[PDB]
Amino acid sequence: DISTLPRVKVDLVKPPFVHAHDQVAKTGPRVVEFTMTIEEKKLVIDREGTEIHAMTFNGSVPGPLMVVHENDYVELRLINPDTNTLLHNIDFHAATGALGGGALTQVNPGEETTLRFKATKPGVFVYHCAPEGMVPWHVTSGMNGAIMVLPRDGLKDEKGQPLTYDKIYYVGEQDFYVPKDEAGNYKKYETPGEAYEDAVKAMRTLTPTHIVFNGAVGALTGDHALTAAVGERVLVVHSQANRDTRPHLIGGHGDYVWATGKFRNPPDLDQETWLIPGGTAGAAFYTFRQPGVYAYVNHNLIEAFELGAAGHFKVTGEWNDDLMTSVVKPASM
């Protein structure tokens, strides 16, 4: 009887950060209430000023990470304000039935809906918009995010022993297909609807023009680098709603990796690089052992360094010369 379960409302936070939560569940099953507002908005995605009409959950690309525990009920209030122009909905890969909820959550501008589903399988899952007849357009305009369903007793390693993270970050990776003129310059449009016919032709080339973390080239660099300290245990959740990616921590590893993101499976150990298939969320666990700057990249290095799929970690702490040292610094022969 759901009417008698505890309820908690959770306010979401913008990626790459994650709303507060417990790793090991301290309560029994609950109804966890979320609210998301759809926002169509102009987004500048690179240094040259290329702009697109993004379709977002809660104003960000990716949408925010939701965190619940196995056999909680997720109750999502989805709002499509009348300032938007398109029909939207939501499909949870975590949910069972009605096309992940997409068949029940179709909202025109000016409408809202509330969906409830039981989170019966633990793991990280993609959620995304999927309206009849324009599914890839909405997904590749940034309308996707992820939900994490933790086991009620938290994460465990390949031997059943507890894994506790000190920090969690959510990296949503987005392939964009910006239409081009004949010389190769990017086009701009006044409304999403104006872009639609060109967007379909741009998608059919299967060649992204940009592949970005957190909605823009360089979004997770500089002042916006992810932070940690030597000795801290970090969980990196990574989603790609449409296209394969192969994350890699330059200078580190994935100590424990759920490449396809499902926690009833044992993790893969000591990964240098792992494949997250398009339409999947994965998670990697790493304990930092050296300070300094790390890059976190899609290890198709063209996609990383030419098309935008690269971010930074800045890690504080003491350098360990046993793990690595420069014996002879670069010098002339």
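The numbering used is simple: start at 1 and walk along the sequence shown. Only the largest set of C-alpha atoms that superpose within 1.5 Å between the two forms is called the rigid core.
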For a rigid core alignment of each structure in 7 other deposited structures of this protein onto the shown form, which stretch has the higher root mean square Cα deviation: 97-105 or 69-77? 97-105
Of the two stretches 188-196 and 211-219, CA positions deviate more in 7 other deposited structures of this protein after rigid core alignment for 188-196
Could you check the entry and say whether 187-195 or 75-83 has the higher mean CA B-factor? 187-195
Comparing 40-48 with 268-276, the higher average Cα temperature factor in the PDB entry belongs to 40-48
Looking at 247, 261, 160, 172, which has the highest CA B-factor as recorded? 160
Per the PDB entry, maximal CA B factor within 103, 149, 146, 130: 103
Using the B-factor values recorded in the entry, state whether the Cα atom of residue 214 falls in the lowest, middle or highest third among the modelled residues of its chain. lowest
What third of its chain, lowest, middle or highest, does the C-alpha temperature factor of residue 156 fall into? highest
For residue 317, the third of its chain by CA B-factor is the highest
Relative to the other modelled residues in the chain, which third contains the C-alpha temperature factor of residue 108: lowest, middle or highest? highest
If you rank every modelled residue in this chain by C-alpha B factor, which third holds residue 28: lowest, middle or highest? highest
